[PDB]
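Structure, as structure tokens:
Proteins come first, then strands; the chains are lettered A, B, ... in the order of their sequence lines, and each starts at number 1. Keep in mind that the numbers below use all heavy atoms, side chains included, and drop hydrogens, waters and symmetry copies.
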Amino acid sequence: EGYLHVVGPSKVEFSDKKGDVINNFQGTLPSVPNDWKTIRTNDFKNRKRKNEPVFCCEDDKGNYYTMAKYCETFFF
RNA sequence: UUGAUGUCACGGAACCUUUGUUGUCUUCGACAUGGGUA
């Protein structure tokens, strides 16, 4: 028994130009959601081992975002 | 709200002294963010 410490999906890499993760997404990038609770990761940095999930997306003025946090912390 | 045979109040400049002044280069590089793996 304990408490959940929920900070939000705040570990983000962002750029004006397309890096290695974005280049290899294989799809149409999603748009940035409005609600922080609906975000879900959509591929991996190490896609062989399936470690390190990320959420890749694009905004309407041309920035690219890679959110690389998927866990949240439990204090007990 | 006067009192009566007695009021110069047009009998008295709100006057006199005091510095919006003292100090300050239109300059300039390393910093943001929080996890991930066993």
(message) With a 4.0 Å cutoff (strictly under), does any side-chain N or O of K69(A) reach OP1 or OP2 of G34(B)?
(response) no
(request) Would you mind reading off the distance between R47(A) atom CZ and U37(B) atom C1', rounded to a whole angstrom? (result) 19 Å
(request) Measure from NZ on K50(A) to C1' on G36(B) and round the result to the nearest Å. (result) 18 Å
(message) Any heavy-atom pair between the side chains of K69(A) and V7(A) that's under 4.5 Å?
(response) yes
(request) In whole angstrom, give the distance that lies between atom CZ of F55(A) and atom P of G36(B). (result) 16 Å
(message) When you measure from the side-chain N and O atoms of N46(A) to the phosphate of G36(B), is any distance below 4.0 Å, counting only OP1 and OP2?
(response) no
(request) Spell out, as yes or no, whether a donor-acceptor pair under 3.5 Å connects the side chain of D59(A) to the backbone of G62(A). (result) yes
(message) Can you confirm whether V54(A) sits close enough to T41(A) that some side-chain heavy atom of one is under 4.5 Å from a side-chain heavy atom of the other?
(response) no
(message) Would you measure the distance from the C1' atom in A9(B) across to the matching atom in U5(B) and give it in whole Å?
(response) 23 Å
(message) What is the distance, to the nearest angstrom, from the CD atom on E13(A) to the P atom on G36(B)?
(response) 12 Å
(message) Within the 4.5 Å heavy-atom criterion, are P9(A) and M67(A) side-chain neighbours or not?
(response) yes
(message) Between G35(B) and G34(B), is the stacking condition met, i.e. ring centres under 5.5 Å and planes under 30 degrees?
(response) no
(request) Could you tell me if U27(B) and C28(B) pass the stacking criterion of ring centres under 5.5 Å and planes under 30°? (result) yes
(request) Whole angstrom is fine here: how far is it from CD in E52(A) over to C1' in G35(B)? (result) 11 Å
(request) Taking only the side-chain heavy atoms of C71(A) (C-beta and beyond), determine which of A38(B), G36(B), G35(B) contains the nearest atom. (result) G36(B)
(message) Between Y70(A) and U37(B), is there a contact of a side-chain N or O with OP1 or OP2 at under 4.0 Å?
(response) yes
(message) Just to confirm, do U18(B) and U17(B), adjacent in the strand, meet the stacking rule in which the six-membered ring centres are under 5.5 angstrom apart and the planes are under 30°?
(response) yes
(message) Distance check needed: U37(B) P versus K48(A) NZ, whole Å only.
(response) 15 Å
(message) Looking at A68(A), is its backbone amide N or carbonyl O close enough to the side chain of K45(A) to form a donor-acceptor pair, meaning the two atoms are under 3.5 Å apart?
(response) no
(message) With rounding to the closest Å, how many angstrom separate the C1' atoms on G3(B) and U7(B)?
(response) 14 Å
(message) Give me the distance, rounded to whole Å, that separates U26(B) from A30(B) when you measure between the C1' atoms they each carry.
(response) 23 Å
(request) Would you kindly give the NE2-to-P distance between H5(A) and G35(B), to the nearest whole Å? (result) 8 Å
(request) Check the distance between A32(B)'s P and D16(A)'s CG and give it to me in whole angstrom. (result) 21 Å
(request) Report which part of the nucleic acid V7(A) touches: base, sugar-phosphate, or nothing (heavy-atom distance under 4.0 Å, all strands). (result) sugar-phosphate
